Amino acid sequence: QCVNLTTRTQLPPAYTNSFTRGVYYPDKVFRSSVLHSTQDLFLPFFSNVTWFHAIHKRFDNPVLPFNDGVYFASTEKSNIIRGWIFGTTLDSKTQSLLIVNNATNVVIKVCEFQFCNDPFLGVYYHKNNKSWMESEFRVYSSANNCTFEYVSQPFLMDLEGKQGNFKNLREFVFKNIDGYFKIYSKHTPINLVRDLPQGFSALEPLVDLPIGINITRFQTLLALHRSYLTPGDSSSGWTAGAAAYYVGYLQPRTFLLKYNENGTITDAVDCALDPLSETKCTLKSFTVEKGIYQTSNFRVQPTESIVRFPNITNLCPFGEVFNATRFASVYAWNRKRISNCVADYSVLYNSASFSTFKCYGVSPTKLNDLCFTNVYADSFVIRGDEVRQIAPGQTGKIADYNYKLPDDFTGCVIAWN
Amino acid sequence: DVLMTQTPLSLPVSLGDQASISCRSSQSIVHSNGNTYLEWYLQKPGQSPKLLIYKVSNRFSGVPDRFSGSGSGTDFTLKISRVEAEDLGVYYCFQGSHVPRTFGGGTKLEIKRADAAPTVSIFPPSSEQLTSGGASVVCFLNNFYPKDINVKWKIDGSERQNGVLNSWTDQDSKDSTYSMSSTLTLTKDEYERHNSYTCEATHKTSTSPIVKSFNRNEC
Amino acid sequence: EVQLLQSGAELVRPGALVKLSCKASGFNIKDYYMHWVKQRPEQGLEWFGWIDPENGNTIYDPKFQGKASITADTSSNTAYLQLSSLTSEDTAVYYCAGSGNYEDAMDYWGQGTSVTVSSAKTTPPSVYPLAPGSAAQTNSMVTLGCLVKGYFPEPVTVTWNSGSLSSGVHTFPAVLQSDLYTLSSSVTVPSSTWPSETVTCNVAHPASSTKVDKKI
Amino acid sequence: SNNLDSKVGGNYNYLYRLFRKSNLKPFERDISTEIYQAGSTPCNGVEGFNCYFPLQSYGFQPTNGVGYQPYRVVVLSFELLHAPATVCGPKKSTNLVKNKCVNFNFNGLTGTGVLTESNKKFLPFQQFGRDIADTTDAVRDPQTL
Ligand SMILES: *[C@@H]1O[C@H](CO)[C@@H](O)[C@H](O)[C@H]1NC(C)=O
């Protein structure tokens, strides 16, 4: 649960470049032999993605900002990658989405999970039947308030170590739209020494997850190794295999999706990357002929908003009204018409010079930005017990017999000691 | 589920002799890395089992250097360089790792000594026991070696096997002998219905069992 | 020094449940595996399962699958075992082990616990003296005995002269028969001791707090 | 729902947000209890002058008028032809016809056209196909794929 790894060491977030990764089907609509333009959360091409790896003295399980979406890519031999943890706090304080492949099936659950320092899954003591099936469940300590659960088809996961180059490539897309989560998957074999292969790929939906929970951070789970021969302290003395995974960020960019005869995407264009890409996007074609074309219009954005209103002087004497030598009786309350002047309400409402202040129908802050038609002030003095009678739909010696406020009264009430 | 068989059931060894205990497994417990998964446990009298060897090739911390195991495949053997008097107990084999753990049949150890015949003594039930309504003919067999011994009850020349219980003592700390007693449970009517009662001690050292008898009317 | 403590023994009726505790001392319960074992006089040792307090996963012997559940308490550093739907066959001595370092190279055992599953109720022992039989049997040395029968539960200790006489004294372990225990004792003394000198056997039953003194 | 929700002089189980620091976003549920600060004086997370508790209780009573009586409100939101059909109205379906001009209603999509076996291969997750014009081109049968 909370036991820290012995050999884990922190490393700076190194970055690497992605050629064309981040391309996925925006929806389930089918299109073939056409070039479609769409704008959605995409990973810009030739962008920078975090460079992380897992070895026996650097173990990478960092926390990264989910933002509006992220992209995943990793090269594997034994498929060290286990899953991910998603949530705003990744603790029981709120709900967290988790995806775990525990050697039998993909499990997706929405509950209140207890956060762990180094959550992960592993196996131990394989011996003479390779197995590699989930042994311990350190992902979370407990769960409660479960609102969603999903199970995929059973399958056998091969975690056996292999030599040579990286034979597997797994890429996933994590995104959030109005709380509706979309997950995309893609898997191909590769022959890679380091970094990522040079090519193109198209990711496809894996599951639909209409959950609706805010996620601002996430973690990457890794699978470690254990044996009868060289174990360690629980669970600090456990080690994991060699693997590398990369994490990107999705932005609302527009791509030109080139669909083949079978509907599979064979090429993509990121408009913002290259002025040639902008030319293609404007022409809505994947080929640009020699010449000069108009793509868009450049403009200079304002530095800041500047407001220069006229002088608010010539204010009517509200201060004199509230500080006048004498006031009229409650039954003889004076009705005074205020017009042909400006009102500065900042000094009145926000000075905290009055015992009580309330408004009916409109908040005091909004009134400062509104222009009225007629304004009236009724000044009177009443006893403390009678102050509560000054409100819409009231009764009593003052509300009924002296001064009554209509139920639709949109004004404010001011009183002080 | 794995099955183990152990042989021999028991074996004697003097102070300084070598003891050999072997275990068998129905499945291979060795893996690619070449090491073996097994543990050896010893349960001394009045004490719980304690680990002796782990992995068959490495001695457990605090264990005497005389204990060491060896073998390959599913057939192993435990080697004790010089057996001491403290080694009395039952040896066990254990399969670890990640699998339903299985235990062995057990192997008892003892110290060899000059053979001695049992001392047969038979006592009749007490008068108080007869007053209570019960009866128990008790026969004592003490100071005999090896532990292999048997007793047959005869009532008026007729053998009776029912109601017979036997208990074997742990190896003595001074003479290294063994003691056993046979109790014949009988009701008051059954006891008083017969007079002659006999207890014959069958032992390897003597072809003719040692026989002691008494008469109810004489007691 | 690592050591495990368990309750001395328990007595329960068929169909009920028994809870056992194996305390941890000298080591942290969180980071070390846990084990349980069953010992019978005829079948020797029999395995129960293993539990990791950190993880909580448990595997049980196909014999007892579904018959028991294993739990552990991290704060109390004590491991708990529970058995349900008990029967006569469950009578045996239980042992607990752990402290593995995620390795087989280290494990420890407690003194164990004896659990008896029967519907009988505590019965004080009946102690009777065993005098020599017919005078036709004679020897240079005389033998005496003490009879204990119809008693349970164990343990029941029998000695001679309050343990002051350790010469020729043999203690015979009890035998279970029809939910009853029976043990006997014997002492060999020369002809100059008995009947010239008194010989007595003391029997103690801590469960029933019964102490008896019978002269031969 | 005056006969059910109204309880004596009020019902605390129904509450509303009277104040907020800005304008709400559609389909946004804010349960924060942060005190709304009307003035320049920090509220320090407690009520006071120019500091009001946004969460408030209704004035539901059995004797309230038509405008003041509680009215349970239910809003239905949905997406049309934007994903595989998980729901459908109680409309009886009929047998499929091919090589004929018919009026088809498949997964809520209504139109007229000729239905024929398609040589195009769609991906397992894809359901609706579109032509160059972006109009309806092909569709999977919801019952027998
Ligand atoms: C994997 O996770 C599922 C999630 O419910 C769980 O039920 C299962 O026991 C776990 N292990 C295996 C081997 O499936």
# chains A, B, ... in the order shown; residues from 1 in each chain; ligands from 1
>>> residues_around(residues="residue 11 (chain D)", least_positions_apart="4", cutoff="7 Å", atoms="only C-alpha atoms", output="VMD selection string")
chain D and resid 6 to 7 58 60
>>> residues_near_ligand(ligand="ligand 1", cutoff="6 Å", atoms="only C-alpha atoms and all ligand atoms", output="VMD selection string")
chain A and resid 102 104 107 134
>>> closest_atom_pairs(of="chain B", to="chain C", cutoff="6 Å", atoms="only C-alpha atoms", output="JSON lines")
{"residue": "B:48", "atom": "CA", "partner": "C:111", "partner_atom": "CA", "distance": 5.4}
{"residue": "B:54", "atom": "CA", "partner": "C:105", "partner_atom": "CA", "distance": 5.5}
{"residue": "B:123", "atom": "CA", "partner": "C:133", "partner_atom": "CA", "distance": 5.0}
{"residue": "B:124", "atom": "CA", "partner": "C:133", "partner_atom": "CA", "distance": 5.8}
{"residue": "B:167", "atom": "CA", "partner": "C:173", "partner_atom": "CA", "distance": 6.0}
{"residue": "B:169", "atom": "CA", "partner": "C:172", "partner_atom": "CA", "distance": 5.6}
{"residue": "B:214", "atom": "CA", "partner": "C:134", "partner_atom": "CA", "distance": 5.2}
{"residue": "B:218", "atom": "CA", "partner": "C:134", "partner_atom": "CA", "distance": 5.7}
{"residue": "B:219", "atom": "CA", "partner": "C:133", "partner_atom": "CA", "distance": 5.9}
>>> select_by_dssp(residues="region 38-158 of chain B", states="alpha helix (DSSP H)", output="PyMOL selection string")
chain B and resi 127-132
>>> residues_around(residues="residue 19 (chain B)", least_positions_apart="6", cutoff="8 Å", atoms="only C-alpha atoms", output="count of residues only")
8
>>> interface_residues(of="chain A", to="chain B", cutoff="12 Å", atoms="only C-alpha atoms", output="number ranges by chain")
A: 123-136, 226-231
>>> atom_distance(atom1="CA of residue 61 (chain D)", atom2="CA of residue 17 (chain D)")
19.5 Å
>>> interface_residues(of="chain A", to="chain D", cutoff="10 Å", atoms="only C-alpha atoms", output="CSV table (one decimal) with N, CA, C and O atoms, in the first residue's frame")
chain,number,residue,atom,x,y,z
A,25,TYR,N,-10.3,8.4,-34.5
A,25,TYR,CA,-11.6,8.7,-35.1
A,25,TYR,C,-12.4,9.6,-34.1
A,25,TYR,O,-12.6,9.2,-33.0
A,27,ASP,N,-15.5,10.1,-34.0
A,27,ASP,CA,-16.8,9.4,-33.7
A,27,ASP,C,-16.8,8.1,-34.4
A,27,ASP,O,-15.9,7.7,-35.1
A,28,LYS,N,-18.0,7.4,-34.4
A,28,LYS,CA,-18.2,6.1,-35.0
A,28,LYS,C,-18.7,6.3,-36.4
A,28,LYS,O,-18.9,5.2,-37.1
A,29,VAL,N,-18.8,7.5,-36.9
A,29,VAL,CA,-19.3,7.7,-38.3
A,29,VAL,C,-18.2,7.1,-39.3
A,29,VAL,O,-17.0,7.3,-39.0
A,30,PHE,N,-18.6,6.5,-40.3
A,30,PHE,CA,-17.7,5.9,-41.3
A,30,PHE,C,-17.6,6.8,-42.5
A,30,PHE,O,-18.6,7.3,-43.0
A,31,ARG,N,-16.4,6.9,-43.0
A,31,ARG,CA,-16.1,7.6,-44.3
A,31,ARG,C,-14.9,7.0,-45.0
A,31,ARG,O,-14.0,6.5,-44.3
A,32,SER,N,-15.0,6.9,-46.3
A,32,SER,CA,-14.0,6.3,-47.1
A,32,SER,C,-13.7,7.1,-48.4
A,32,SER,O,-14.6,7.7,-48.9
A,33,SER,N,-12.5,7.1,-48.8
A,33,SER,CA,-12.0,7.8,-50.1
A,33,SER,C,-12.4,9.2,-50.0
A,33,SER,O,-12.8,9.8,-51.0
A,34,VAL,N,-12.3,9.9,-48.9
A,34,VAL,CA,-12.6,11.3,-48.7
A,34,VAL,C,-11.6,11.9,-47.7
A,34,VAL,O,-11.0,11.2,-46.9
A,35,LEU,N,-11.5,13.2,-47.7
A,35,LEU,CA,-10.7,14.0,-46.8
A,35,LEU,C,-11.6,14.8,-45.9
A,35,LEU,O,-12.2,15.8,-46.4
A,36,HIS,N,-11.7,14.4,-44.7
A,36,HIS,CA,-12.7,15.1,-43.8
A,36,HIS,C,-11.9,16.0,-42.8
A,36,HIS,O,-10.9,15.6,-42.3
A,178,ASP,N,-17.7,17.1,-21.8
A,178,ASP,CA,-18.9,17.3,-21.0
A,178,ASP,C,-19.1,16.2,-20.0
A,178,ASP,O,-20.2,15.8,-19.6
A,179,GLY,N,-18.0,15.6,-19.5
A,179,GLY,CA,-18.0,14.5,-18.5
A,179,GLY,C,-18.1,13.2,-19.1
A,179,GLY,O,-18.0,12.2,-18.4
A,204,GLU,N,-8.7,3.3,-32.3
A,204,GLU,CA,-10.1,2.9,-32.4
A,204,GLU,C,-10.7,2.9,-31.1
A,204,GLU,O,-10.0,2.6,-30.1
A,205,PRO,N,-12.0,3.1,-31.0
A,205,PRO,CA,-12.7,3.0,-29.6
A,205,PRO,C,-12.6,1.6,-29.0
A,205,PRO,O,-12.6,0.6,-29.7
A,206,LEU,N,-12.5,1.6,-27.7
A,206,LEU,CA,-12.4,0.4,-26.9
A,206,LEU,C,-13.6,0.2,-26.1
A,206,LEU,O,-14.2,-0.9,-26.1
A,207,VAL,N,-14.0,1.2,-25.4
A,207,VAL,CA,-15.2,1.1,-24.5
A,207,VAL,C,-15.9,2.5,-24.5
A,207,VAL,O,-15.2,3.5,-24.8
A,261,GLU,N,-10.0,3.5,-49.2
A,261,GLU,CA,-11.1,2.8,-49.7
A,261,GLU,C,-11.8,2.0,-48.6
A,261,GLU,O,-13.1,1.8,-48.7
A,262,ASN,N,-11.1,1.5,-47.6
A,262,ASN,CA,-11.6,0.7,-46.6
A,262,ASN,C,-12.0,1.5,-45.3
A,262,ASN,O,-12.5,0.9,-44.4
A,263,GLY,N,-11.8,2.8,-45.4
A,263,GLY,CA,-12.1,3.7,-44.3
A,263,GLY,C,-11.0,3.9,-43.3
A,263,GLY,O,-11.1,4.8,-42.4
A,264,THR,N,-9.9,3.2,-43.4
A,264,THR,CA,-8.8,3.4,-42.5
A,264,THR,C,-8.0,4.6,-42.9
A,264,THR,O,-7.9,4.9,-44.1
A,346,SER,N,-20.3,52.2,-4.5
A,346,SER,CA,-19.2,51.5,-4.0
A,346,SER,C,-18.9,51.9,-2.5
A,346,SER,O,-18.6,51.1,-1.7
A,349,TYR,N,-22.3,50.4,-0.1
A,349,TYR,CA,-22.5,49.0,0.2
A,349,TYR,C,-21.2,48.4,0.8
A,349,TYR,O,-21.3,47.5,1.7
A,350,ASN,N,-20.0,48.8,0.3
A,350,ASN,CA,-18.8,48.1,0.7
A,350,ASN,C,-18.0,48.7,1.8
A,350,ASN,O,-16.9,48.2,2.1
A,351,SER,N,-18.5,49.8,2.4
A,351,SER,CA,-17.8,50.4,3.5
A,351,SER,C,-18.0,49.7,4.9
A,351,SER,O,-17.2,50.0,5.8
A,352,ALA,N,-19.0,48.8,5.0
A,352,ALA,CA,-19.2,48.1,6.2
A,352,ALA,C,-19.4,49.0,7.4
A,352,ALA,O,-19.0,48.8,8.5
A,353,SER,N,-20.1,50.2,7.1
A,353,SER,CA,-20.4,51.2,8.1
A,353,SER,C,-21.8,51.0,8.7
A,353,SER,O,-22.2,51.9,9.5
A,354,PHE,N,-22.5,50.0,8.3
A,354,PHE,CA,-23.9,49.8,8.7
A,354,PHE,C,-24.1,48.4,9.3
A,354,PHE,O,-23.4,47.5,8.9
A,355,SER,N,-25.0,48.4,10.3
A,355,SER,CA,-25.1,47.1,11.1
A,355,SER,C,-25.7,46.0,10.2
A,355,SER,O,-25.1,44.9,10.2
A,356,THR,N,-26.7,46.3,9.4
A,356,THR,CA,-27.4,45.3,8.6
A,356,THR,C,-27.7,45.8,7.2
A,356,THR,O,-27.9,47.0,7.1
A,357,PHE,N,-27.6,45.0,6.2
A,357,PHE,CA,-27.8,45.3,4.8
A,357,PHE,C,-28.3,44.1,4.1
A,357,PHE,O,-27.7,43.1,4.1
A,358,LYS,N,-29.4,44.3,3.4
A,358,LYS,CA,-30.0,43.2,2.6
A,358,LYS,C,-30.7,43.8,1.4
A,358,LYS,O,-31.1,45.0,1.4
A,363,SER,N,-29.1,41.2,-6.3
A,363,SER,CA,-27.9,41.3,-5.4
A,363,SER,C,-27.3,42.7,-5.4
A,363,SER,O,-27.4,43.4,-6.4
A,364,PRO,N,-26.7,43.1,-4.3
A,364,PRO,CA,-26.1,44.4,-4.3
A,364,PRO,C,-25.0,44.6,-5.4
A,364,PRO,O,-24.9,45.7,-5.9
A,365,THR,N,-24.2,43.5,-5.7
A,365,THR,CA,-23.2,43.7,-6.7
A,365,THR,C,-23.8,44.0,-8.1
A,365,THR,O,-23.2,44.8,-8.8
A,366,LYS,N,-24.9,43.3,-8.5
A,366,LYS,CA,-25.5,43.6,-9.8
A,366,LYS,C,-26.0,45.0,-9.9
A,366,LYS,O,-25.9,45.6,-10.9
>>> closest_residue(among="C:20, C:51, C:79, C:156", to="chain A", atoms="only C-alpha atoms")
C:51
